[PDB]
Amino acid sequence: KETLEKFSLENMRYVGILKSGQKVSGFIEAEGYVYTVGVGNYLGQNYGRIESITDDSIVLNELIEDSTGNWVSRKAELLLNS
Amino acid sequence: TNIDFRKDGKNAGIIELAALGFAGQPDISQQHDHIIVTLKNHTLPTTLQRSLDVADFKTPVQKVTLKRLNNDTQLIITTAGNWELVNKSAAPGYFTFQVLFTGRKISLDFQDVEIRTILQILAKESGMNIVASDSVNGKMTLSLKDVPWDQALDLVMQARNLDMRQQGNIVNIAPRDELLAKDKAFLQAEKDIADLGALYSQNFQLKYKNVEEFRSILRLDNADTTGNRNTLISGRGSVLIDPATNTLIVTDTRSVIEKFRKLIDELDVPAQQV
Amino acid sequence: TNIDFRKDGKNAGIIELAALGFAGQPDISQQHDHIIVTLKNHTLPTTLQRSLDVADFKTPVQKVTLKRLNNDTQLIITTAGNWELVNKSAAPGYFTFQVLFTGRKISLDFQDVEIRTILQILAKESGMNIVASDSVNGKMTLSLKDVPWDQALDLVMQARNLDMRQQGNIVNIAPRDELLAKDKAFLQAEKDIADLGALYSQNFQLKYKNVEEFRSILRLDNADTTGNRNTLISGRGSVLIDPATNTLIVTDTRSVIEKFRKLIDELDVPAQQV
Amino acid sequence: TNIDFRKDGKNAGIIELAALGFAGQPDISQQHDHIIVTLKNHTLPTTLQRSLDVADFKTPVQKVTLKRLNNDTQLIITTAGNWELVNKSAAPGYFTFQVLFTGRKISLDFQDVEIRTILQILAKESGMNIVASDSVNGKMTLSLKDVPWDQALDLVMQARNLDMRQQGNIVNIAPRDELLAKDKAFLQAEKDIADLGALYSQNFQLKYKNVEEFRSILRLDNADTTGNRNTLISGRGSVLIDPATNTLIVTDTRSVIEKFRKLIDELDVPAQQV
Amino acid sequence: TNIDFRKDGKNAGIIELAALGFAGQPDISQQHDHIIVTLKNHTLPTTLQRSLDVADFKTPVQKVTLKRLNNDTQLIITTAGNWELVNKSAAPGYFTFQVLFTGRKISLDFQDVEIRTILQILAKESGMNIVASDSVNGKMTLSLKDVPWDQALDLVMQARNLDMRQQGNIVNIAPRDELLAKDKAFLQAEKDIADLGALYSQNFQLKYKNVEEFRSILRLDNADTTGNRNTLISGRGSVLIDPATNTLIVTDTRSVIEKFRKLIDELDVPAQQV
Amino acid sequence: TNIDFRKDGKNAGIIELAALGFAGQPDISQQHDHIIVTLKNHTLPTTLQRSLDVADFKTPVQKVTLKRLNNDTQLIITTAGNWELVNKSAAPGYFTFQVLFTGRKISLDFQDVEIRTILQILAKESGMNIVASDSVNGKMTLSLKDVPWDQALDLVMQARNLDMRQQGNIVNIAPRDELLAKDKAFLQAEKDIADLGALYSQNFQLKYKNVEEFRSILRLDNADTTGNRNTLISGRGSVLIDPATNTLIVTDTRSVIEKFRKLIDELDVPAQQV
């Protein structure tokens with residue numbers, strides 16, 4: 001996928017935003033590494049996938065092993081941590 | 001009884017409270033504004049209800065405040081933004097609270113970044129070639145959406161940032177700013193009155209003589225530092241700008257501005273005797 | 001004894017009261033103005049009758065107020081608009097109170113919406129094409145009925161909103177407003193006197209020279225920011241408007257207005273010597 | 001002991017009194033002015049004789065007042081107009097008091113009705129065609145007898161209502177009123193001095209130039225709002241009226257009036273140099 | 001009970017506290033701001049809560065502050081930058097806290113070094129040949145990055161350092177500085193008013209006579225010390241500089257400047273009678 | 001209890017403390033700033049915490065300060081520079097603390113030596129032939145490095161030393177100094193205002209007459225002492241100097257200067273009537 005596959009999710013948080021006109025995208029960062037995400041993108045440690053963004057918050061959905069011991073999706077919104 | 005504050009983990013506001021003579025646990029009330037902690041049979045004296053001053057500590061805890069209750073001990077821990085409360089009991093008596101001018105449209109989100117970097121980023125954006133002086137300011141945080149970089153730049157300047165001058169291909173931005181230079185100077189000054197002072201901007205009309213002729217002299221006086229030839233000059237942010245309608249605008253400390261005005265008017269007067 | 005406040009659920013005003021030494025239940029009196037809670041044999045000291053300051057907390061509870069009674073403890077919880085009271089007893093002693101210029105006629109109902117959106121909505125209404133600057137203001141709430149959008153717009157502007165300028169096809173609305181820019185500036189200023197200050201509007205008569213000729217210079221001084229060419233300009237909401245009867249109206253901070261006046265009058269005078 | 005107030009039923013003023021240590025019943029004395037309640041052996045402390053502030057609560061109870069007696073507890077419940085007293089004892093100790101310009105002659109009785117409706121009603125009365133602006137004011141209550149609608153209208157205007165301007169067939173009435181706009185503004189102002197301020201009316205004589213010529217400019221400055229063309233204008237109730245003997249009357253805030261005067265006099269002066 | 005401060009090891013801030021009547025150990029709370037030490041059953045009198053004044057002691061401990069708690073003894077040891085806390089118990093009662101103008105771009109990092117050395121270093125850098133006077137100032141600490149040596153030099157001068165004059169091949173830098181000479185003088189003066197005083201700079205215009213002609217006399221008065229011939233002169237940092245547009249700039253104490261002005265103007269006047 | 005100070009050995013600062021009611025030994029804390037001595041169960045009254053005033057005693061002990069502690073007796077013995085502490089117990093109760101203008105470049109290190117000697121030393125250095133008056137001043141301590149003797153001389157003069165006049169082969173240096181003569185005079189004066197006074201220097205322009213002509217008269221008035229013929233004169237350090245551009249500079253007490261000015265101006269005026 002991308003370098004991000006070398007960072008965890010604990011170190012991944014909302015550090016900034018980034019829009020153009022009205023697309024409004026969310027800018028996240030992991031252990032210094034800066035990587036943005038918009039409607040339908042990739043993030044998180046395992047297999048993160050964002051669906052929508054919002055003011056001071058973003059709605060994503062990753063894929064991590066759990067509830068069985070095998071990769072499994074998981075939606076969740078983050079609250080801008082400034 | 002007594003209260004204490006400390007930071008740990010990652011920008012977390014810990015509130016170590018000393019409870020001498022308590023057995024069970026107090027009533028923790030996590031509110032959206034502040035926190036509440038009541039301790040039955042723990043009435044503390046007004047000589048121990050001291051408050052904290054952890055302001056600008058980069059933590060979720062605005063400031064700790066202790067207040068003696070009727071028969072109990074109420075605690076007020078002001079907070080800000082989203083946060084989480086975590087109580088810890090390392091022993092029967094010790095309580096703790098871990099509080100954890102035309103351009104393309106762009107959205108500018110810079111979180112705690114140097115203005116210089118923001119300057120570069122914009123340039124990279126194909127927004128001109130912006131080159132700052134060396135030590136213009138510091139770091140700033142702005143978040144904008146749907147704004148052209150040129151507009152955002154102006155907004156950025158106002159926030160605490162610098163003013164911009166453009167050569168044309170390359171733009172130089174300098175710390176020529178009312179607030180920072182003087183604000184710091186104010187704090188520096190011992191006298192309270194000095195705390196009030198100002199760098200100001202004034203426009204000098206030049207009726208008789210051409211503005212450019214003044215440049216040599218103005219540059220010289222402006223350089224109250226070593227500098228072979230600089231339009232921008234030291235003396236901590238003094239600047240002279242030449243408008244097209246032959247007027248000079250000077251931005252700087254009052255003392256420096258006074259000097260510049262005296263010279264400009266002085267030269268103008270002899271031009272005046274026609 | 002002691003009182004506490006907190007928000008939960010959905011914009012609900014909770015009032016957690018600490019009752020130490022009580023068995024039964026107090027007398028809850030839900031009034032249309034405030035609330036009343038008496039606790040027999042619960043007389044609290046004046047050192048615990050502290051009041052709350054939950055103002056502008058977006059809740060039905062205006063503010064909590066504690067007062068010591070003769071032999072009991074009376075409580076005053078001011079409220080607003082329609083609401084409901086809900087008492088909860090998590091234990092024998094802990095009490096809680098969950099307080100839960102010509103256009104078509106239109107009715108404008110905007111509840112807590114950005115002015116920008118209201119601007120767009122009106123335009124969508126076939127009311128001109130309104131384009132704001134970028135960061136004009138914030139969100140506002142108005143509710144009107146039987147008012148033409150043009151009229152409502154003016155009313156909207158006054159509420160806290162912006163002033164409007166029309167190009168003709170498209171209209172630009174900007175934060176050029178007396179109250180917001182300065183109000184915030186006042187709060188920003190440390191000095192109390194500074195709290196009183198003002199952006200003001202003044203009309204400059206131009207007898208000798210044409211108004212348009214001034215435009216180049218005025219635009220330049222107005223841009224105390226980078227901007228290749230903008231009629232509206234930075235410097236936080238300074239604006240120059242040209243009326244038909246060759247007068248200039250400037251709206252902005254006093255300092256900026258002073259500068260503009262000096263230049264305008266200055267140019268006018270030489271025009272004057274005919 | 002303690003007193004409390006609350007509304008219920010249909011605009012009824014209930015006075016819940018807390019009587020701790022009482023057996024029988026007090027002495028209820030219903031007077032045409034206020035109420036009296038004595039409680040033998042119920043002497044309450046001065047720290048519980050607090051009074052109420054239920055002013056303008058739309059109830060028969062003016063305001064509740066508690067006063068400690070020699071050995072008893074006297075209560076004063078001021079009232080107004082015709083009413084009835086109703087005591088209720090929900091228990092041995094808790095006391096309650098349920099306090100429950102030429103026209104045809106017309107009698108105008110409007111009880112708590114919008115001025116706008118009264119405006120319509122009069123028009124329906126064959127009294128002209130009156131059309132208000134949109135948000136002129138609010139609701140008002142007047143009761144008159146044997147008065148022509150035209151006269152009543154003037155009286156109505158004075159009460160709190162608007163001033164009227166007549167096109168001829170249709171009449172427009174606007175909130176151009178000294179009291180409401182400013183009164184609210186006063187309250188809005190934080191400064192006490194601001195509480196004193198005024199919208200005023202002034203007459204401007206125009207010696208040299210015709211009044212109508214001014215109209216274009218005055219309309220423009222008056223519109224400190226968007227409006228293609230309105231004789232009446234925004235800026236919260238500023239108005240210019242043209243009398244026949246070529247004088248202008250302006251009614252509005254002092255600031256706005258000042259602006260208008262400056263322009264009018266300014267134009268008049270050049271007319272003056274003949 | 002009592003508190004004490006002392007330095008040891010290598011720039012370490014030790015805080016020896018006297019605990020009379022204690023057995024176990026207090027609660028050490030190492031915070032990022034200050035320190036906290038509570039001693040149960042060690043409540044100290046307000047007559048022993050004296051604070052320390054170890055300011056500018058070149059230690060990690062800003063200043064020690066003692067405060068009496070309700071029933072315990074709280075201690076506040078303000079600190080700065082990164083540091084480490086180390087408690088030591090030499091006995092059951094004695095507590096201790098060991099708190100442990102165009103040039104190439106260069107980054108100037110000088111930690112506590114004499115300005116003179118920095119002067120030499122820059123010269124070695126191929127930045128001119130800089131020669132100071134003898135006793136220009138003292139040592140200073142600056143850290144810069146990405147700045148041309150010429151620019152850094154100006155910044156360096158401002159910090160507390162000197163002003164520079166260039167012969168051309170060699171540059172002489174002197175203590176001609178507003179702040180140091182006078183600041184020290186202020187402290188020297190017994191009178192409080194004297195504490196406020198100033199060395200100032202002023203520009204003298206010379207209309208009638210050539211600036212150089214003045215040099216002989218000015219040099220002489222300037223030398224209120226023995227000196228056969230020095231452009232720079234004693235009298236503790238008085239200097240006269242000749243600008244190209246035949247104006248003289250003098251930097252020095254007010255008294256000295258006054259003298260110089262009187263002479264300059266005096267000579268100019270006879271030149272004036274043409 | 002009580003404290004005492006005394007000098008012994010070789011410039012040593014002894015601090016004899018009286019401890020009545022003590023058995024063991026206090027806690028000696030030798031700090032880089034001051035000293036600390038705690039005496040458990042030795043709490044002394046505030047009427048015995050008197051401090052010492054051994055200022056300028058030429059000892060390592062700045063000044064002794066006694067302060068009563070909660071239950072003990074803390075002692076503060078401020079010190080300076082490098083020193084050593086030595087406690088001595090002559091008996092169970094008595095405590096003691098033994099606190100033990102162009103020339104060659106030269107480094108001038110003079111430790112507590114007469115200025116006169118420094119004057120001679122420099123001359124011996126091949127620095128001119130310097131001859132002072134008789135009683136110029138006293139002794140002074142300076143330490144310089146890398147400074148030409150001529151420069152050091154000027155610095156030396158400023159420290160407290162004299163001003164220099166050169167005949168050419170031989171140089172005479174005199175106590176003509178603002179600070180010493182007047183400073184002593186100030187102390188001498190009983191009146192506080194007198195404590196503020198000054199010897200000042202002023203420059204007298206001589207337009208009409210030659211400076212030398214004045215010499216006879218000025219010498220005479222200057223000699224308010226017996227002296228057949230002296231350019232330098234008594235009256236405690238009054239001096240007249242003749243500059244080349246025919247101006248007279250006088251340095252002395254205000255009274256004497258006033259007299260001299262009156263005469264100079266007086267003679268000049270008749271020269272003036274041409």
# chains A, B, ... in the order shown; residues from 1 in each chain; ligands from 1
>>> residues_around(residues="residue 66 (chain B)", least_positions_apart="4", cutoff="12 Å", atoms="only C-alpha atoms", output="PyMOL selection string")
chain B and resi 1-5+15+17-18+35-38+43-53+72-78
>>> closest_atom_pairs(of="region 146-221 of chain E", to="region 261-274 of chain B", cutoff="10 Å", atoms="only C-alpha atoms", output="JSON lines")
{"residue": "E:203", "atom": "CA", "partner": "B:263", "partner_atom": "CA", "distance": 8.7}
{"residue": "E:204", "atom": "CA", "partner": "B:263", "partner_atom": "CA", "distance": 10.0}
{"residue": "E:205", "atom": "CA", "partner": "B:266", "partner_atom": "CA", "distance": 8.7}
>>> residues_around(residues="residue 65 (chain A)", least_positions_apart="5", cutoff="10 Å", atoms="only C-alpha atoms", output="number ranges by chain")
A: 46-47, 70-74
>>> select_by_dssp(residues="region 143-212 of chain E", states="helix (DSSP H, G or I)", output="MDAnalysis selection string")
chainID E and resid 149:159 178:188 192:195 211:212
>>> write_last_selection(atoms="C-alpha atoms", output="CSV table (one decimal), in the first residue's frame")
chain,number,residue,atom,x,y,z
E,149,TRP,CA,27.4,36.7,9.2
E,150,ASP,CA,26.8,40.3,8.4
E,151,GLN,CA,23.1,39.9,9.4
E,152,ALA,CA,24.0,37.9,12.4
E,153,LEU,CA,26.4,40.6,13.3
E,154,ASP,CA,23.7,43.2,13.4
E,155,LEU,CA,21.5,41.0,15.5
E,156,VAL,CA,24.5,40.3,17.7
E,157,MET,CA,25.0,44.0,18.2
E,158,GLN,CA,21.4,44.6,19.3
E,159,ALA,CA,21.5,41.8,21.9
E,178,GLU,CA,22.8,52.9,24.7
E,179,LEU,CA,22.0,50.2,27.1
E,180,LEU,CA,25.2,49.0,28.7
E,181,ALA,CA,26.9,52.1,29.6
E,182,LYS,CA,23.8,53.8,30.8
E,183,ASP,CA,22.3,50.8,32.4
E,184,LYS,CA,25.3,50.4,34.6
E,185,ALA,CA,25.4,54.1,35.3
E,186,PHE,CA,21.7,54.0,36.3
E,187,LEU,CA,22.4,51.3,38.9
E,188,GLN,CA,25.4,53.3,40.0
E,192,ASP,CA,15.9,56.6,41.8
E,193,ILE,CA,15.2,59.2,39.2
E,194,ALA,CA,18.8,58.7,38.1
E,195,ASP,CA,17.9,55.1,37.5
E,211,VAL,CA,31.1,68.7,8.7
E,212,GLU,CA,34.8,67.9,8.5
>>> atom_distance(atom1="CA of residue 163 (chain B)", atom2="CA of residue 226 (chain C)")
7.7 Å
>>> residues_around(residues="region 228-239 of chain F", least_positions_apart="5", cutoff="7 Å", atoms="only C-alpha atoms", output="PyMOL selection string")
chain F and resi 175-176+219+222-223+250-253
>>> residues_around(residues="residue 87 (chain B)", least_positions_apart="2", cutoff="10 Å", atoms="only C-alpha atoms", output="list in words")
residues 14, 15, 16, 28, 85, 89, 90, 95, 96, 97, 98 and 99 of chain B
>>> select_by_dssp(residues="chain A", states="strand (DSSP E or B)", output="CSV table (one decimal) with N, CA, C and O atoms, in the first residue's frame")
chain,number,residue,atom,x,y,z
A,12,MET,N,-1.2,7.7,15.1
A,12,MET,CA,-1.9,8.4,14.1
A,12,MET,C,-3.1,9.2,14.6
A,12,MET,O,-4.0,8.6,15.2
A,13,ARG,N,-3.0,10.5,14.4
A,13,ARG,CA,-4.1,11.4,14.9
A,13,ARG,C,-4.3,12.6,13.9
A,13,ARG,O,-3.5,12.8,13.0
A,14,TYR,N,-5.4,13.3,14.2
A,14,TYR,CA,-5.8,14.4,13.4
A,14,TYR,C,-4.8,15.6,13.8
A,14,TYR,O,-4.8,16.1,14.9
A,15,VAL,N,-4.0,16.0,12.8
A,15,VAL,CA,-3.0,17.1,13.0
A,15,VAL,C,-3.3,18.3,12.2
A,15,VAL,O,-2.8,19.4,12.4
A,16,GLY,N,-4.2,18.2,11.1
A,16,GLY,CA,-4.5,19.3,10.3
A,16,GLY,C,-5.6,19.0,9.3
A,16,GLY,O,-6.0,17.8,9.2
A,17,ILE,N,-6.0,20.0,8.6
A,17,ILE,CA,-7.0,19.8,7.5
A,17,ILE,C,-6.5,20.1,6.2
A,17,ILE,O,-5.3,20.4,6.0
A,18,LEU,N,-7.4,20.0,5.2
A,18,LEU,CA,-7.0,20.3,3.8
A,18,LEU,C,-8.1,20.2,2.8
A,18,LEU,O,-8.5,19.1,2.5
A,25,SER,N,-11.0,17.8,3.1
A,25,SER,CA,-10.3,16.6,3.5
A,25,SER,C,-9.6,16.7,4.8
A,25,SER,O,-9.3,17.8,5.3
A,26,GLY,N,-9.3,15.6,5.4
A,26,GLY,CA,-8.6,15.5,6.7
A,26,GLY,C,-7.2,15.1,6.6
A,26,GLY,O,-6.8,14.2,5.9
A,27,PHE,N,-6.3,15.9,7.3
A,27,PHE,CA,-4.9,15.6,7.4
A,27,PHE,C,-4.4,15.0,8.7
A,27,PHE,O,-4.5,15.6,9.8
A,28,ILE,N,-4.0,13.8,8.6
A,28,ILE,CA,-3.5,13.0,9.7
A,28,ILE,C,-2.0,12.9,9.7
A,28,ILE,O,-1.3,13.2,8.7
A,29,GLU,N,-1.4,12.4,10.9
A,29,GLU,CA,0.0,12.3,11.0
A,29,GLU,C,0.3,11.1,12.0
A,29,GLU,O,-0.3,11.0,13.0
A,30,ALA,N,1.3,10.3,11.5
A,30,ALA,CA,1.8,9.2,12.3
A,30,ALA,C,3.3,9.3,12.6
A,30,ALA,O,4.1,9.3,11.7
A,33,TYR,N,5.3,11.4,10.4
A,33,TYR,CA,4.9,11.2,9.0
A,33,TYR,C,3.5,11.8,8.8
A,33,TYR,O,2.5,11.5,9.5
A,34,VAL,N,3.5,12.8,7.8
A,34,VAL,CA,2.2,13.5,7.6
A,34,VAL,C,1.6,12.9,6.3
A,34,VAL,O,2.2,12.7,5.3
A,35,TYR,N,0.3,12.5,6.4
A,35,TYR,CA,-0.5,11.9,5.3
A,35,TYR,C,-1.9,12.3,5.4
A,35,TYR,O,-2.6,12.1,6.5
A,36,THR,N,-2.5,12.9,4.4
A,36,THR,CA,-3.9,13.3,4.3
A,36,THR,C,-4.8,12.2,3.9
A,36,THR,O,-4.3,11.1,3.4
A,37,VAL,N,-6.1,12.4,4.0
A,37,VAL,CA,-7.1,11.5,3.6
A,37,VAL,C,-8.4,12.2,3.4
A,37,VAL,O,-8.9,13.0,4.2
A,41,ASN,N,-10.4,7.1,1.3
A,41,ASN,CA,-8.9,7.0,1.2
A,41,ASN,C,-8.4,5.9,2.2
A,41,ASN,O,-9.2,5.0,2.7
A,42,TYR,N,-7.1,5.9,2.4
A,42,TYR,CA,-6.4,5.0,3.2
A,42,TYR,C,-5.7,5.6,4.4
A,42,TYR,O,-5.1,6.7,4.3
A,43,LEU,N,-5.7,4.9,5.5
A,43,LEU,CA,-5.1,5.4,6.8
A,43,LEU,C,-4.8,4.3,7.7
A,43,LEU,O,-4.9,3.1,7.4
A,48,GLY,N,-6.5,0.9,7.1
A,48,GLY,CA,-7.4,2.0,7.3
A,48,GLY,C,-8.0,2.5,6.0
A,48,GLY,O,-7.4,2.6,5.0
A,49,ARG,N,-9.3,2.9,6.1
A,49,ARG,CA,-10.0,3.4,5.0
A,49,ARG,C,-11.1,4.4,5.4
A,49,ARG,O,-12.0,4.1,6.1
A,50,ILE,N,-10.8,5.7,5.0
A,50,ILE,CA,-11.7,6.8,5.4
A,50,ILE,C,-12.9,6.9,4.4
A,50,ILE,O,-12.7,6.6,3.2
A,51,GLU,N,-14.1,7.3,4.9
A,51,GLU,CA,-15.2,7.4,4.0
A,51,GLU,C,-15.7,8.8,3.9
A,51,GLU,O,-16.0,9.2,2.8
A,52,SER,N,-15.7,9.6,5.0
A,52,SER,CA,-16.2,10.9,4.9
A,52,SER,C,-15.5,11.8,5.9
A,52,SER,O,-14.8,11.3,6.9
A,53,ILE,N,-15.5,13.1,5.7
A,53,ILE,CA,-14.9,14.1,6.6
A,53,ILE,C,-15.9,15.1,7.2
A,53,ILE,O,-17.0,15.2,6.7
A,54,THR,N,-15.5,15.8,8.2
A,54,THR,CA,-16.4,16.8,8.8
A,54,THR,C,-15.6,17.8,9.7
A,54,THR,O,-14.5,17.6,10.0
A,57,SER,N,-13.7,16.9,12.8
A,57,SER,CA,-13.9,15.4,13.0
A,57,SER,C,-14.0,14.7,11.6
A,57,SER,O,-14.4,15.3,10.6
A,58,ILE,N,-13.5,13.5,11.6
A,58,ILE,CA,-13.5,12.7,10.4
A,58,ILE,C,-14.1,11.3,10.6
A,58,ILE,O,-13.8,10.7,11.6
A,59,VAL,N,-14.8,10.8,9.6
A,59,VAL,CA,-15.4,9.5,9.7
A,59,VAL,C,-14.7,8.5,8.9
A,59,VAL,O,-14.8,8.5,7.6
A,60,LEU,N,-13.9,7.6,9.5
A,60,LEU,CA,-13.1,6.6,8.8
A,60,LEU,C,-13.7,5.2,9.1
A,60,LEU,O,-14.7,5.0,9.7
A,61,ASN,N,-12.9,4.2,8.6
A,61,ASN,CA,-13.2,2.8,8.8
A,61,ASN,C,-12.0,1.9,8.4
A,61,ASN,O,-11.7,1.8,7.2
A,62,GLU,N,-11.3,1.4,9.3
A,62,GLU,CA,-10.1,0.6,9.1
A,62,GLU,C,-10.4,-0.9,9.0
A,62,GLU,O,-11.6,-1.3,9.0
A,63,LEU,N,-9.3,-1.7,9.1
A,63,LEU,CA,-9.4,-3.1,9.1
A,63,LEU,C,-8.2,-3.7,9.9
A,63,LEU,O,-7.1,-3.7,9.5
A,64,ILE,N,-8.6,-4.1,11.1
A,64,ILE,CA,-7.6,-4.7,12.0
A,64,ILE,C,-8.1,-6.1,12.6
A,64,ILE,O,-9.2,-6.3,12.7
A,65,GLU,N,-7.1,-6.9,12.8
A,65,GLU,CA,-7.4,-8.3,13.4
A,65,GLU,C,-8.0,-8.1,14.8
A,65,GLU,O,-7.5,-7.4,15.6
A,71,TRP,N,-7.9,-10.2,10.5
A,71,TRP,CA,-8.3,-8.8,10.0
A,71,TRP,C,-9.8,-8.7,9.9
A,71,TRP,O,-10.5,-9.5,9.3
A,72,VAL,N,-10.3,-7.5,10.4
A,72,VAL,CA,-11.7,-7.2,10.3
A,72,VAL,C,-11.9,-5.7,10.4
A,72,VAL,O,-11.3,-5.0,11.3
A,73,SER,N,-12.7,-5.2,9.5
A,73,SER,CA,-13.0,-3.8,9.4
A,73,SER,C,-13.4,-3.2,10.7
A,73,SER,O,-13.6,-3.9,11.7
A,74,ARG,N,-13.6,-1.9,10.7
A,74,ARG,CA,-14.0,-1.2,11.9
A,74,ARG,C,-14.1,0.3,11.7
A,74,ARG,O,-13.1,1.0,11.6
A,75,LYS,N,-15.3,0.8,11.6
A,75,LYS,CA,-15.6,2.3,11.4
A,75,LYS,C,-15.3,3.0,12.7
A,75,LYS,O,-15.3,2.4,13.7
A,76,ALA,N,-15.2,4.4,12.6
A,76,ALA,CA,-15.0,5.2,13.8
A,76,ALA,C,-14.6,6.6,13.4
A,76,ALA,O,-13.9,6.8,12.4
A,77,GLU,N,-15.2,7.6,14.1
A,77,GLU,CA,-14.9,9.0,13.8
A,77,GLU,C,-13.9,9.6,14.8
A,77,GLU,O,-13.9,9.2,16.0
A,78,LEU,N,-13.0,10.5,14.3
A,78,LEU,CA,-12.0,11.1,15.2
A,78,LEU,C,-12.4,12.6,15.4
A,78,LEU,O,-12.9,13.2,14.5
A,79,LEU,N,-12.1,13.0,16.7
A,79,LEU,CA,-12.4,14.4,17.0
A,79,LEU,C,-11.1,15.2,17.0
A,79,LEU,O,-10.2,15.0,17.8
>>> closest_atom_pairs(of="chain B", to="chain C", cutoff="7 Å", atoms="only C-alpha atoms", output="tab-separated table")
residue	atom	partner	partner_atom	distance
B:31	CA	C:6	CA	4.6
B:32	CA	C:7	CA	6.1
B:69	CA	C:48	CA	5.5
B:70	CA	C:48	CA	5.2
B:71	CA	C:1	CA	6.7
B:101	CA	C:227	CA	3.4
B:102	CA	C:228	CA	6.7
B:146	CA	C:134	CA	6.7
B:147	CA	C:134	CA	5.8
B:150	CA	C:227	CA	6.9
B:154	CA	C:225	CA	5.2
B:163	CA	C:225	CA	6.5
B:164	CA	C:226	CA	6.1
>>> write_last_selection(atoms="N, CA and C atoms", output="CSV table (one decimal), in the first residue's frame")
chain,number,residue,atom,x,y,z
B,31,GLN,N,-17.5,17.4,34.1
B,31,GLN,CA,-18.4,18.3,33.3
B,31,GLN,C,-17.7,18.8,32.0
B,32,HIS,N,-18.5,19.4,31.2
B,32,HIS,CA,-18.0,19.9,29.9
B,32,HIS,C,-17.2,21.2,30.1
B,69,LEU,N,-15.2,23.7,51.3
B,69,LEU,CA,-16.7,23.6,51.3
B,69,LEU,C,-17.2,23.6,52.8
B,70,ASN,N,-18.5,23.6,53.0
B,70,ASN,CA,-19.1,23.6,54.3
B,70,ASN,C,-18.4,22.6,55.2
B,71,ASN,N,-18.6,21.3,54.9
B,71,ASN,CA,-18.0,20.2,55.7
B,71,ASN,C,-17.2,19.3,54.8
B,101,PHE,N,-2.0,39.7,-6.0
B,101,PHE,CA,-3.1,39.5,-5.1
B,101,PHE,C,-4.2,38.8,-5.8
B,102,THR,N,-3.9,37.6,-6.3
B,102,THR,CA,-5.0,36.8,-6.9
B,102,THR,C,-4.4,35.5,-7.1
B,146,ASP,N,-11.2,27.1,1.9
B,146,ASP,CA,-11.7,27.9,0.8
B,146,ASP,C,-11.2,29.3,0.7
B,147,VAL,N,-9.8,29.4,0.8
B,147,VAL,CA,-9.3,30.8,0.7
B,147,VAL,C,-8.1,30.8,-0.3
B,150,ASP,N,-3.2,33.8,-1.6
B,150,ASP,CA,-2.8,35.2,-1.4
B,150,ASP,C,-3.6,35.8,-0.3
B,154,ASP,N,-2.5,37.2,3.6
B,154,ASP,CA,-2.7,38.4,4.3
B,154,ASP,C,-3.2,38.1,5.7
B,163,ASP,N,4.8,41.2,7.5
B,163,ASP,CA,4.3,42.0,6.4
B,163,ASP,C,5.1,41.5,5.2
B,164,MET,N,4.6,41.8,4.0
B,164,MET,CA,5.3,41.3,2.8
B,164,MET,C,5.6,42.4,1.9
